[PDB]
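In what follows, a structure is listed as structure tokens, so that the remarks can point back to it.
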Amino acid sequence: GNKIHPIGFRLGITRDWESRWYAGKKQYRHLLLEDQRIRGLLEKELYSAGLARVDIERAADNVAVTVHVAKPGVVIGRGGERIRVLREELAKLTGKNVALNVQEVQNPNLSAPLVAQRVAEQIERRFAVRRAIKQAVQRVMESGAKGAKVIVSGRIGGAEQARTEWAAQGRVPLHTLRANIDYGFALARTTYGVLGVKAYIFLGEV
Amino acid sequence: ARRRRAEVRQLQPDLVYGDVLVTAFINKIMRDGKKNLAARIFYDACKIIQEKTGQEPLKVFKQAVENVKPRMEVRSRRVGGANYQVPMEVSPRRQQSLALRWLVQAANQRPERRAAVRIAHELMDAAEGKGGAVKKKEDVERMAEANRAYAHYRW
Amino acid sequence: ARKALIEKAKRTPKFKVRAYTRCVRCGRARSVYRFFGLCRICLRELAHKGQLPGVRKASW
Amino acid sequence: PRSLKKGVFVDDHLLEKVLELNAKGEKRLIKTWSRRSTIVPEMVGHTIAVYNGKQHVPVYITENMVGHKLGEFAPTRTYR
Amino acid sequence: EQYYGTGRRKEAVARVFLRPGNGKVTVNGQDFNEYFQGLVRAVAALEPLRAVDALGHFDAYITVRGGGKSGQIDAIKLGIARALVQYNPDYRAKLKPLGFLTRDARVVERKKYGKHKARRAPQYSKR
Amino acid sequence: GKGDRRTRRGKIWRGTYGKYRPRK
Amino acid sequence: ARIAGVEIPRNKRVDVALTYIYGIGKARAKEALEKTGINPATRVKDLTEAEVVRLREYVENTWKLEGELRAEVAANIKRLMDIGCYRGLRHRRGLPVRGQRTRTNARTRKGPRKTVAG
Amino acid sequence: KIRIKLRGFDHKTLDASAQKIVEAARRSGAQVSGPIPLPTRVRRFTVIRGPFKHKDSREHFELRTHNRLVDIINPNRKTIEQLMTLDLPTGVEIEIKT
RNA sequence: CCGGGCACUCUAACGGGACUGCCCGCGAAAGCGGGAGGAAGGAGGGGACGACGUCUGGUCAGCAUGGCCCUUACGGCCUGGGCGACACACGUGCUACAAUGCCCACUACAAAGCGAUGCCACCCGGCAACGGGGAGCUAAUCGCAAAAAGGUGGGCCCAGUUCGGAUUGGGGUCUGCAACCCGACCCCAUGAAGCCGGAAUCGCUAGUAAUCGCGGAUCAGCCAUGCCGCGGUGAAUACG
Ligand SMILES: [Mg+2]
Ligand SMILES: [Mg+2]
Ligand SMILES: [Mg+2]
Ligand SMILES: [Mg+2]
Ligand SMILES: [Mg+2]
Ligand SMILES: [Mg+2]
Ligand SMILES: [Mg+2]
Ligand SMILES: [Mg+2]
Ligand SMILES: [Mg+2]
Ligand SMILES: [Mg+2]
Ligand SMILES: [Mg+2]
Ligand SMILES: [Mg+2]
Ligand SMILES: [Mg+2]
Ligand SMILES: [Mg+2]
Ligand SMILES: [Mg+2]
Ligand SMILES: [Mg+2]
Ligand SMILES: [Mg+2]
Ligand SMILES: [Mg+2]
Ligand SMILES: [Mg+2]
Ligand SMILES: [Mg+2]
Ligand SMILES: [Mg+2]
Ligand SMILES: [Mg+2]
Ligand SMILES: [Mg+2]
Ligand SMILES: [Mg+2]
Ligand SMILES: [Mg+2]
Ligand SMILES: [Mg+2]
Ligand SMILES: [Mg+2]
Ligand SMILES: [Mg+2]
Ligand SMILES: [Mg+2]
Ligand SMILES: [Mg+2]
Ligand SMILES: [Mg+2]
Ligand SMILES: [Mg+2]
Ligand SMILES: [Mg+2]
Ligand SMILES: [Mg+2]
Ligand SMILES: [Mg+2]
Ligand SMILES: [Mg+2]
Ligand SMILES: [Mg+2]
Ligand SMILES: [Zn+2]
């Protein structure tokens with residue numbers, strides 16, 4: 001019972017908030033609720049489109065929802081079609097007249113939440129988890145990324161007893177907050193149970 | 001003190017005499033962190049002890065604390081079953097601490113109503129060679145010279 | 001918690017006293033922070049995520 | 001030390017019921033699930049059954065017990 | 001003319017101005033003995049001037065604020081020290097061997113959770 | 001001391017006001 | 001110094017010595033010393049026969065006092081006891097009334113501890 | 001009197017926006033008193049770490065709202081030529097009271 | 001308070017500063033003892049941070065979840081009641097048993113927070129809780145606000161008391177639809193045990209223990225003496 005969340009540690013230095021705006025006593029609550037609704041919608045629909053981060057900014061009734069995608073072709077859609085429906089459905093929930101923004105993320109294997117989603121996918125179809133783990137750590141290690149680490153939860157391969165998986169490489173020092181350690185969590189819901197997937201990725205120094 | 005020697009705290013000098021033993025005694029009188037009230041106690045006792053007997057409270061204080069300091073005591077040592085009372089000498093620092101503690105505890109075990117009066121009369125009796133603090137000291141010394149048959153267990 | 005037990009959201013409590021906080025995300029029954037509208041567990045997780053601006057690691 | 005401080009609160013439920021019962025003569029057992037209300041003078045002489053939470057217990061209401069509440073005479077607890 | 005020393009002790013600030021005079025020291029519209037009336041350690045505030053033989057050679061005006069009056073006294077001490085040094089730097093030779101130029105950095109320590117006051121642990125009985 | 005509610009210290013411990021501890 | 005139904009304080013301050021009367025505490029003693037025009041800090045022995053008689057005039061008949069007060073309180077107990085009130089039941093069984101917990105520390109109202117086995 | 005109350009959750013953002021405003025106003029106006037810092041409103045929240053006790057494990061976070069003041073003196077036009085809308089920072093928040 | 005000014009304390013953003021660098025000593029080295037200089041040193045003080053794993057530790061009663069049971073029914077609404085029960089037993093605490101004390105006037109010095117019907121200066125009424133009126137503060141400007149121990153003055157005189165406030169009778173305010181079960185608070189009266197605690201056992205090595213008040217979250221109200229922070233004064237001792 002230890003090892004608090006790494007991004008919560010990192011929020012101050014070498015990490016930034018997923019929502020950066022200002023509010024007061026009378027506004028913060030339902031604005032945060034609106035942010036949660038936005039992220040909820042985008043996790044309902046855009047899961048298979050390869051999305052990693054949703055950064056929401058507000059100046060004054062202006063919304064700047066920024067979706068970082070591993071495949072922007074599914075977000076934009078053919079002729080822009082899909083940036084019409086769910087960009088309107090986005091405004092059919094909040095009456096704030098909000099516009100949507102897309103951005104490219106290179107090396108989907110370099111973003112920890114994307115790697116978590118990938119390993120969770122391969123787990124849901126019941127691959128041998130250790131191969132997915134080591135292969136993911138190599139995908140990370142084959143492009144910079146001076147450290148990489150993967151943890152999987154219990155009931156591996158459908159086993160009755162719960163276990164714990166492993167096989168990090170390089171150097172992943174969660175203790176020290178210096179060098180932009182990224183983290184992602186995924187949830188594989190299968191017939192035998194639920195498997196948590198924690199992807200730690202270490203890159204850069206200062 | 002498993003690793004270090006636990007270096008002794010060096011108390012601040014006193015504002016009236018300029019002596020450190022006075023500050024130590026005033027600390028021993030203090031309770032709940034009231035050094036102001038304790039200083040007032042000790043200094044009203046100083047006035048009372050300088051008036052009721054026409055001597056300097058400095059040397060009477062010093063002579064009383066010197067009279068209460070014991071030269072031997074007993075410590076329990078586990079040997080061959082239940083432990084035994086083994087006599088031994090005393091450190092000068094521990095003599096100081098024990099003398100001041102016995103002074104305060106015998107002063108507050110006195111009948112006198114006001115605290116300063118208790119302090120003053122206790123210091124007087126201790127400076128004369130009698131009183132309760134010197135009685136406790138001489139009982140400590142009477143523990144020695146009594147179980148001296150264990151003088152081969154000094155350690 | 002229980003869906004119906006968020007009946008506070010339609011407040012109409014028949015009496016002004018029966019309003020309780022009922023943390024929005026987790027539907028907390030007991031311990032809810034009014035300023036965030038969340039509960040200590042939901043607040044902990046959401047501040048870990050980084051979705052609450054200005055929230056840092058307190059240390060002094 | 002008990003206080004209601006102005007417009008001593010009596011629920012409408014038994015209020016209108018008993019002020020209309022008095023007009024036709026004394027009635028027999030009444031039904032009471034509202035022990036929150038205060039006793040008023042004109043209640044004397046009736047027989048009021050109050051709720052323990054489980055049971056219905058009758059209470060003879062007299063002049064002496066006017067200032068108190070309905071429920072002082074219906075013990076919730078059961079011991080020995 | 002006039003020389004300045006600030007000093008600081010346990011959340012207290014005592015601006016000290018020193019000039020020549022008779023030895024009359026005032027604080028916040030009160031004399032030094034009326035504002036600190038009946039405090040046994042109030043004499044330690046003018047202690048730093050006893051290695052320089054002031055109080056008849058000097059004169060002072062002090063404005064103090066914050067904390068408690070004991071911290072005020074010790075901040076007055078330190079401020080007098082720095083004013084004395086800015087007056088005559090040679091006084092350092094007689095000051096630091098006494099220790100009057102050192103900022104006392106002992107601060108009240110913050111309270112920690114799981115404790116009563118920052119170190120006292122709650123008592124358990126029958127472990 | 002602090003438990004005596006009709007004295008001033010018991011009033012400041014409970015933080016209340018009354019005849020034995022008027023506000024001002 | 002006889003003031004009320006039998007009551008004789010002595011050798012103390014008057015306002016303090018009036019607390020020894022049943023229906024008089026510090027507040028009523030200060031009120032008596034106030035409206036009777038008597039120095040509170042006076043000793044009991046130094047009280048004038050006129051000062052004592054005025055204190056008797058006031059204290060005797062302005063509030064109900066020792067015997068009347070004891071009987072009034074006890075008869076109030078009997079009054080809310082003969083009615084079937086819950087408060088009367090708490091007075092009957094010898095348990096606290098003000099609405100405290102009785103699982104632990106009901107000692108003052110329930111008397112010394114009688115420890116059954118377990 | 002043109003009071004510009006600056007508030008934010010980020011201190012470097014406040015410094016950036018305020019210094020940009022003052023640099024814009026320094027090419028037109030007076031000896032401007034400039035960027036005064038105000039005390040920060042600190043909201044602390046202590047939360048028991050684990051659900052379903054372990055009471056004595058709680059950790060706390062702190063939000064802090066920083067405040068800055070500008071107080072431009074005698075600006076007429078060229079100051080507000082570089083003022084209407086030119087700023088990058090998002091988390092910053094600006095108010096104007098006169 | 002004004003004119004005015006930033007030097008000062010301050011507020012808050014970036015920096016400087018400590019590195020065994022200098023010297024003596026010892027040593028093969030790290031390093032150790034001592035000294036100067038310095039605000040500060042040998043990790044300057046305090047946090048945040050808790051390794052591979054352990055105890056089949058803790059909660060599916062936060063959440064999410066794999067299986068097994070429920071369906072006019074465990075689901076669902078509402079009223080009342082309950083979680084507050086008492087012949088007992090332990091845990092954690094609060095207040096105390098007093099004269100270094102209690103009470104009464106008078107007066108001085110904190111930091112950290114909180115407040116748009118929310119905090120509520122001020123006038124009036126009331127012994128009071130509180131009520132009426134009403135100013136200001138979108139709060140380094142207003143308000144909570146008085147800090148408390150302390151200082152001087154006074155009374156108490158070793159006594160179950162001017163210690164201690166439990167219990168109980170009566171009167172009364174307030175939040176609230178509503179205080180019988182079962183709230184806090186004010187006033188009058190009642191004024192219990194307790195006069196330093198058996199075996200045993202607990203916390204703390206420096207601003208620490210001890211003591212003193214203040215604030216906060218949750219909350220209409222509050223059974224908070226809890227919890228989480230803040231500063232005031234300020235020890236004793238460590239042979240080993
Ligand atoms: Mg993920
Ligand atoms: Mg596998
Ligand atoms: Mg890092
Ligand atoms: Mg569920
Ligand atoms: Mg609630
Ligand atoms: Mg509620
Ligand atoms: Mg501190
Ligand atoms: Mg403290
Ligand atoms: Mg425990
Ligand atoms: Mg009393
Ligand atoms: Mg707890
Ligand atoms: Mg001006
Ligand atoms: Mg300058
Ligand atoms: Mg050295
Ligand atoms: Mg040295
Ligand atoms: Mg040195
Ligand atoms: Mg350190
Ligand atoms: Mg450090
Ligand atoms: Mg450190
Ligand atoms: Mg570390
Ligand atoms: Mg387990
Ligand atoms: Mg279990
Ligand atoms: Mg489910
Ligand atoms: Mg309970
Ligand atoms: Mg039984
Ligand atoms: Mg005021
Ligand atoms: Mg301002
Ligand atoms: Mg001001
Ligand atoms: Mg302002
Ligand atoms: Mg006196
Ligand atoms: Mg007795
Ligand atoms: Mg008494
Ligand atoms: Mg006694
Ligand atoms: Mg230690
Ligand atoms: Mg509250
Ligand atoms: Mg209660
Ligand atoms: Mg409190
Ligand atoms: Zn929740």
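Ligands are numbered from 1 in the order shown, chains are lettered A, B, ... in the order of the structure tokens, and residues start at 1 in each chain.
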
Practice task
Pick out each residue of range 13-99 of chain E that DSSP on the backbone tags as helix (DSSP H, G or I); I need them as a PyMOL selection string.
Solution key: chain E and resi 32-35+40-44+47-50+69-87+89-95

Please, which residues have at least one atom within 10 Å of an atom of ligand 35, using only C-alpha atoms (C1' of nucleotides) and all ligand atoms, listed as a PDB file with N, CA and C atoms (P, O5', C5', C4', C3', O3' and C1' of nucleotides), in the first residue's frame?
ATOM      1  P     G I 216     -13.530  30.051  10.726  1.00  0.00           P
ATOM      2  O5'   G I 216     -13.236  28.861   9.712  1.00  0.00           O
ATOM      3  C5'   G I 216     -12.539  29.095   8.497  1.00  0.00           C
ATOM      4  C4'   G I 216     -11.800  27.862   8.045  1.00  0.00           C
ATOM      5  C3'   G I 216     -12.657  26.635   7.786  1.00  0.00           C
ATOM      6  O3'   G I 216     -13.229  26.647   6.488  1.00  0.00           O
ATOM      7  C1'   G I 216     -10.791  26.037   9.118  1.00  0.00           C
ATOM      8  P     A I 217     -14.821  26.556   6.290  1.00  0.00           P
ATOM      9  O5'   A I 217     -15.030  25.167   5.541  1.00  0.00           O
ATOM     10  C5'   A I 217     -14.176  24.780   4.474  1.00  0.00           C
ATOM     11  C4'   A I 217     -13.800  23.324   4.578  1.00  0.00           C
ATOM     12  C3'   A I 217     -14.960  22.362   4.784  1.00  0.00           C
ATOM     13  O3'   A I 217     -15.585  22.006   3.565  1.00  0.00           O
ATOM     14  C1'   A I 217     -13.248  21.884   6.346  1.00  0.00           C
ATOM     15  P     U I 218     -17.031  22.596   3.195  1.00  0.00           P
ATOM     16  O5'   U I 218     -18.032  21.469   3.696  1.00  0.00           O
ATOM     17  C5'   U I 218     -17.832  20.117   3.333  1.00  0.00           C
ATOM     18  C4'   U I 218     -18.324  19.194   4.414  1.00  0.00           C
ATOM     19  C3'   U I 218     -19.726  19.471   4.931  1.00  0.00           C
ATOM     20  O3'   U I 218     -20.710  18.877   4.095  1.00  0.00           O
ATOM     21  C1'   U I 218     -18.227  19.015   6.739  1.00  0.00           C
ATOM     22  P     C I 219     -22.261  19.298   4.177  1.00  0.00           P
ATOM     23  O5'   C I 219     -22.613  19.248   5.728  1.00  0.00           O
ATOM     24  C5'   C I 219     -23.960  19.275   6.169  1.00  0.00           C
ATOM     25  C4'   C I 219     -24.192  20.380   7.168  1.00  0.00           C
ATOM     26  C3'   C I 219     -24.741  21.682   6.616  1.00  0.00           C
ATOM     27  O3'   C I 219     -26.136  21.632   6.371  1.00  0.00           O
ATOM     28  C1'   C I 219     -22.980  22.141   8.125  1.00  0.00           C
ATOM     29  P     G I 221     -25.821  26.691   9.841  1.00  0.00           P
ATOM     30  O5'   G I 221     -26.603  26.058  11.077  1.00  0.00           O
ATOM     31  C5'   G I 221     -27.322  26.873  11.990  1.00  0.00           C
ATOM     32  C4'   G I 221     -28.006  26.033  13.038  1.00  0.00           C
ATOM     33  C3'   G I 221     -27.087  25.152  13.870  1.00  0.00           C
ATOM     34  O3'   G I 221     -26.484  25.847  14.949  1.00  0.00           O
ATOM     35  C1'   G I 221     -28.875  23.852  13.051  1.00  0.00           C
ATOM     36  P     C I 222     -24.882  25.974  15.046  1.00  0.00           P
ATOM     37  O5'   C I 222     -24.453  24.710  15.914  1.00  0.00           O
ATOM     38  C5'   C I 222     -25.043  24.469  17.182  1.00  0.00           C
ATOM     39  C4'   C I 222     -25.259  22.997  17.417  1.00  0.00           C
ATOM     40  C3'   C I 222     -24.011  22.127  17.403  1.00  0.00           C
ATOM     41  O3'   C I 222     -23.301  22.159  18.629  1.00  0.00           O
ATOM     42  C1'   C I 222     -25.682  21.122  16.073  1.00  0.00           C
ATOM     43  P     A I 224     -19.981  16.120  19.636  1.00  0.00           P
ATOM     44  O5'   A I 224     -19.138  17.474  19.607  1.00  0.00           O
ATOM     45  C5'   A I 224     -18.111  17.723  20.564  1.00  0.00           C
ATOM     46  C4'   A I 224     -17.075  18.693  20.043  1.00  0.00           C
ATOM     47  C3'   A I 224     -17.570  20.117  19.803  1.00  0.00           C
ATOM     48  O3'   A I 224     -16.501  21.034  20.040  1.00  0.00           O
ATOM     49  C1'   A I 224     -16.806  19.198  17.767  1.00  0.00           C
TER      50        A I 224
END

Exercise for the section: Tell me, as a VMD selection string, which residues lie within 12 Å of residue 57 in chain B, counting only C-alpha atoms (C1' of nucleotides); anything in the same chain fewer than 6 positions away does not count. Expected result: chain B and resid 16 to 17 22 42 to 51 63 to 65 119 to 121 123 to 124 127

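For ligand 20, the neighbouring protein, DNA and RNA residues, which are those within 8 Å when only C-alpha atoms (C1' of nucleotides) and all ligand atoms are counted, are residues 175 and 176 of chain A; 49 of chain I.
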
Problem - Contacts of residue 69 in chain D at 6 Å (only C-alpha atoms (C1' of nucleotides); same-chain gap of 6+ positions) as a PyMOL selection string - result: (chain D and resi 38-39) or (chain I and resi 180)

Practice task
Tell me, as a list in words, which residues lie within 8 Å of range 28-42 of chain E, counting only C-alpha atoms (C1' of nucleotides); anything in the same chain fewer than 6 positions away does not count.
Solution key: residues 15, 36, 39 and 40 of chain B; 62, 63, 64, 69, 70 and 73 of chain E; 108 and 151 of chain I

Go ahead and write the residues just picked, C-alpha atoms (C1' of nucleotides), as a PDB file, in the first residue's frame.
ATOM      1  CA  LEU B  15      20.047  38.984  33.791  1.00  0.00           C
ATOM      2  CA  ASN B  36       8.522  35.008  33.591  1.00  0.00           C
ATOM      3  CA  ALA B  39      11.793  34.336  37.497  1.00  0.00           C
ATOM      4  CA  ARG B  40       9.482  36.546  39.558  1.00  0.00           C
TER       5      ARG B  40
ATOM      6  CA  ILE E  62      12.411  51.878  18.637  1.00  0.00           C
ATOM      7  CA  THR E  63       9.256  50.762  16.842  1.00  0.00           C
ATOM      8  CA  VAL E  64       8.399  47.089  17.313  1.00  0.00           C
ATOM      9  CA  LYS E  69       6.678  40.793  23.751  1.00  0.00           C
ATOM     10  CA  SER E  70       9.623  38.437  24.409  1.00  0.00           C
ATOM     11  CA  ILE E  73      12.673  42.191  23.327  1.00  0.00           C
TER      12      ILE E  73
ATOM     13  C1'   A I 108      -0.806  45.239  25.450  1.00  0.00           C
ATOM     14  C1'   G I 151       1.024  43.404  32.732  1.00  0.00           C
TER      15        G I 151
END

Practice task
Select residues of chain I: the criterion is any atom within 12 Å of an atom of chain E, counting only C-alpha atoms (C1' of nucleotides); output as a ChimeraX atom specification.
Solution key: /I:7-10,36-40,44-47,90-93,107-112,147,149-152,200-211,226-234

Exercise for the section: Work out how far apart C1' of residue 166 in chain I and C1' of residue 88 in chain I are and give it in Å to one decimal. Expected result: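 Answer for the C1' of residue 166 in chain I to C1' of residue 88 in chain I separation: 21.2 Å.
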
Exercise for the section: Give the residues close to ligand 6, within 12 Å, counting only C-alpha atoms (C1' of nucleotides) and all ligand atoms; write them as a list in words. Expected result: residues 8, 13, 15, 16, 17, 18, 19, 20, 21, 22, 29, 30, 31 and 32 of chain C; 176, 218, 219, 220, 221 and 222 of chain I

Requested write-out: N, CA and C atoms (P, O5', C5', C4', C3', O3' and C1' of nucleotides) of the selected residues, as a PDB file, in the first residue's frame:
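Saved file selection.pdb follows:
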ATOM      1  N   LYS C   8     -31.898  14.396  -4.255  1.00  0.00           N
ATOM      2  CA  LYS C   8     -31.577  15.776  -3.906  1.00  0.00           C
ATOM      3  C   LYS C   8     -31.406  16.680  -5.134  1.00  0.00           C
ATOM      4  N   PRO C  13     -37.373  19.594  -1.783  1.00  0.00           N
ATOM      5  CA  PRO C  13     -37.270  18.638  -0.677  1.00  0.00           C
ATOM      6  C   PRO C  13     -38.432  18.687   0.300  1.00  0.00           C
ATOM      7  N   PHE C  15     -39.062  20.701   2.291  1.00  0.00           N
ATOM      8  CA  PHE C  15     -38.578  21.480   3.428  1.00  0.00           C
ATOM      9  C   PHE C  15     -37.125  21.840   3.155  1.00  0.00           C
ATOM     10  N   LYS C  16     -36.763  23.102   3.390  1.00  0.00           N
ATOM     11  CA  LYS C  16     -35.448  23.602   2.997  1.00  0.00           C
ATOM     12  C   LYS C  16     -34.291  22.910   3.712  1.00  0.00           C
ATOM     13  N   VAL C  17     -34.549  22.155   4.782  1.00  0.00           N
ATOM     14  CA  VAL C  17     -33.452  21.597   5.571  1.00  0.00           C
ATOM     15  C   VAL C  17     -32.842  20.362   4.919  1.00  0.00           C
ATOM     16  N   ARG C  18     -33.595  19.667   4.074  1.00  0.00           N
ATOM     17  CA  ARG C  18     -33.223  18.339   3.605  1.00  0.00           C
ATOM     18  C   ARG C  18     -32.241  18.358   2.441  1.00  0.00           C
ATOM     19  N   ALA C  19     -31.525  19.459   2.235  1.00  0.00           N
ATOM     20  CA  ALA C  19     -30.544  19.555   1.163  1.00  0.00           C
ATOM     21  C   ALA C  19     -29.175  19.121   1.676  1.00  0.00           C
ATOM     22  N   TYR C  20     -28.608  18.094   1.048  1.00  0.00           N
ATOM     23  CA  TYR C  20     -27.261  17.626   1.342  1.00  0.00           C
ATOM     24  C   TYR C  20     -26.460  17.617   0.048  1.00  0.00           C
ATOM     25  N   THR C  21     -25.137  17.494   0.183  1.00  0.00           N
ATOM     26  CA  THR C  21     -24.252  17.835  -0.926  1.00  0.00           C
ATOM     27  C   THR C  21     -24.272  16.779  -2.030  1.00  0.00           C
ATOM     28  N   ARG C  22     -24.083  15.502  -1.680  1.00  0.00           N
ATOM     29  CA  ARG C  22     -24.213  14.392  -2.630  1.00  0.00           C
ATOM     30  C   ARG C  22     -23.259  14.558  -3.818  1.00  0.00           C
ATOM     31  N   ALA C  29     -22.486   9.503  -0.222  1.00  0.00           N
ATOM     32  CA  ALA C  29     -23.541   9.559   0.780  1.00  0.00           C
ATOM     33  C   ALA C  29     -23.147  10.346   2.021  1.00  0.00           C
ATOM     34  N   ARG C  30     -21.862  10.368   2.377  1.00  0.00           N
ATOM     35  CA  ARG C  30     -21.454  10.905   3.671  1.00  0.00           C
ATOM     36  C   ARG C  30     -20.587  12.153   3.566  1.00  0.00           C
ATOM     37  N   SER C  31     -19.437  12.088   2.896  1.00  0.00           N
ATOM     38  CA  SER C  31     -18.403  13.120   3.002  1.00  0.00           C
ATOM     39  C   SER C  31     -18.195  13.788   1.648  1.00  0.00           C
ATOM     40  N   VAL C  32     -18.706  15.008   1.498  1.00  0.00           N
ATOM     41  CA  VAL C  32     -18.647  15.743   0.240  1.00  0.00           C
ATOM     42  C   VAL C  32     -18.100  17.137   0.504  1.00  0.00           C
TER      43      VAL C  32
ATOM     44  P     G I 176     -33.930  29.086   9.130  1.00  0.00           P
ATOM     45  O5'   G I 176     -34.849  27.807   9.371  1.00  0.00           O
ATOM     46  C5'   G I 176     -34.773  26.693   8.497  1.00  0.00           C
ATOM     47  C4'   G I 176     -35.123  25.404   9.196  1.00  0.00           C
ATOM     48  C3'   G I 176     -36.576  24.966   9.122  1.00  0.00           C
ATOM     49  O3'   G I 176     -36.909  24.349   7.891  1.00  0.00           O
ATOM     50  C1'   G I 176     -35.789  24.731  11.338  1.00  0.00           C
ATOM     51  P     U I 218     -17.031  22.596   3.195  1.00  0.00           P
ATOM     52  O5'   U I 218     -18.032  21.469   3.696  1.00  0.00           O
ATOM     53  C5'   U I 218     -17.832  20.117   3.333  1.00  0.00           C
ATOM     54  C4'   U I 218     -18.324  19.194   4.414  1.00  0.00           C
ATOM     55  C3'   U I 218     -19.726  19.471   4.931  1.00  0.00           C
ATOM     56  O3'   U I 218     -20.710  18.877   4.095  1.00  0.00           O
ATOM     57  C1'   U I 218     -18.227  19.015   6.739  1.00  0.00           C
ATOM     58  P     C I 219     -22.261  19.298   4.177  1.00  0.00           P
ATOM     59  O5'   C I 219     -22.613  19.248   5.728  1.00  0.00           O
ATOM     60  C5'   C I 219     -23.960  19.275   6.169  1.00  0.00           C
ATOM     61  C4'   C I 219     -24.192  20.380   7.168  1.00  0.00           C
ATOM     62  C3'   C I 219     -24.741  21.682   6.616  1.00  0.00           C
ATOM     63  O3'   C I 219     -26.136  21.632   6.371  1.00  0.00           O
ATOM     64  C1'   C I 219     -22.980  22.141   8.125  1.00  0.00           C
ATOM     65  P     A I 220     -26.835  22.760   5.464  1.00  0.00           P
ATOM     66  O5'   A I 220     -26.797  24.062   6.381  1.00  0.00           O
ATOM     67  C5'   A I 220     -27.290  25.308   5.917  1.00  0.00           C
ATOM     68  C4'   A I 220     -28.259  25.909   6.902  1.00  0.00           C
ATOM     69  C3'   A I 220     -27.841  25.858   8.365  1.00  0.00           C
ATOM     70  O3'   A I 220     -26.955  26.909   8.720  1.00  0.00           O
ATOM     71  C1'   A I 220     -30.102  25.170   8.146  1.00  0.00           C
ATOM     72  P     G I 221     -25.821  26.691   9.841  1.00  0.00           P
ATOM     73  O5'   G I 221     -26.603  26.058  11.077  1.00  0.00           O
ATOM     74  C5'   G I 221     -27.322  26.873  11.990  1.00  0.00           C
ATOM     75  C4'   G I 221     -28.006  26.033  13.038  1.00  0.00           C
ATOM     76  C3'   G I 221     -27.087  25.152  13.870  1.00  0.00           C
ATOM     77  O3'   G I 221     -26.484  25.847  14.949  1.00  0.00           O
ATOM     78  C1'   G I 221     -28.875  23.852  13.051  1.00  0.00           C
ATOM     79  P     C I 222     -24.882  25.974  15.046  1.00  0.00           P
ATOM     80  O5'   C I 222     -24.453  24.710  15.914  1.00  0.00           O
ATOM     81  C5'   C I 222     -25.043  24.469  17.182  1.00  0.00           C
ATOM     82  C4'   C I 222     -25.259  22.997  17.417  1.00  0.00           C
ATOM     83  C3'   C I 222     -24.011  22.127  17.403  1.00  0.00           C
ATOM     84  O3'   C I 222     -23.301  22.159  18.629  1.00  0.00           O
ATOM     85  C1'   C I 222     -25.682  21.122  16.073  1.00  0.00           C
TER      86        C I 222
END

Exercise for the section: Give the residues of chain H that lie within 12 Å of chain C; count only C-alpha atoms, and format the answer as a ChimeraX atom specification. Expected result: /H:7-11,13,41-53,58-66,90-92

Handout entry: Who sits within 9 Å of residue 82 in chain H, only C-alpha atoms (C1' of nucleotides), same chain under 2 positions skipped, as a ChimeraX atom specification
Key = /H:21,24-25,78-80,84-86

Since we have the selection now, will you write its residues out, keeping N, CA, C and O atoms, as a compact mmCIF listing (two decimals), in the first residue's frame?
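For reference, part33.txt as written:
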# COMPACT_ATOMS: atom_id res chain seq x y z
N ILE H 21 1.23 43.73 -20.24
CA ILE H 21 0.38 44.91 -20.14
C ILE H 21 1.21 46.15 -19.83
O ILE H 21 1.05 47.20 -20.45
N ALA H 24 3.34 47.25 -22.71
CA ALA H 24 2.51 47.95 -23.68
C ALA H 24 2.23 49.38 -23.22
O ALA H 24 2.33 50.32 -24.02
N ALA H 25 1.91 49.56 -21.94
CA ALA H 25 1.58 50.88 -21.42
C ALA H 25 2.79 51.75 -21.13
O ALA H 25 2.63 52.96 -20.93
N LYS H 78 -2.84 55.93 -26.70
CA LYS H 78 -1.82 54.99 -27.17
C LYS H 78 -1.67 53.82 -26.21
O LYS H 78 -1.31 52.72 -26.63
N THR H 79 -1.93 54.05 -24.92
CA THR H 79 -1.95 52.95 -23.97
C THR H 79 -3.00 51.91 -24.35
O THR H 79 -2.70 50.71 -24.43
N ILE H 80 -4.23 52.36 -24.60
CA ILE H 80 -5.32 51.45 -24.93
C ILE H 80 -5.31 51.03 -26.39
O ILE H 80 -6.12 50.19 -26.79
N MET H 84 -6.53 46.54 -26.29
CA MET H 84 -7.88 46.03 -26.57
C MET H 84 -7.94 44.50 -26.49
O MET H 84 -8.64 43.94 -25.64
N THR H 85 -7.20 43.81 -27.37
CA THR H 85 -7.10 42.36 -27.28
C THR H 85 -5.81 41.94 -27.99
O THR H 85 -5.78 41.90 -29.23
N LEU H 86 -4.76 41.65 -27.22
CA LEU H 86 -3.50 41.19 -27.80
C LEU H 86 -2.83 40.07 -27.01
O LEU H 86 -1.71 39.68 -27.38
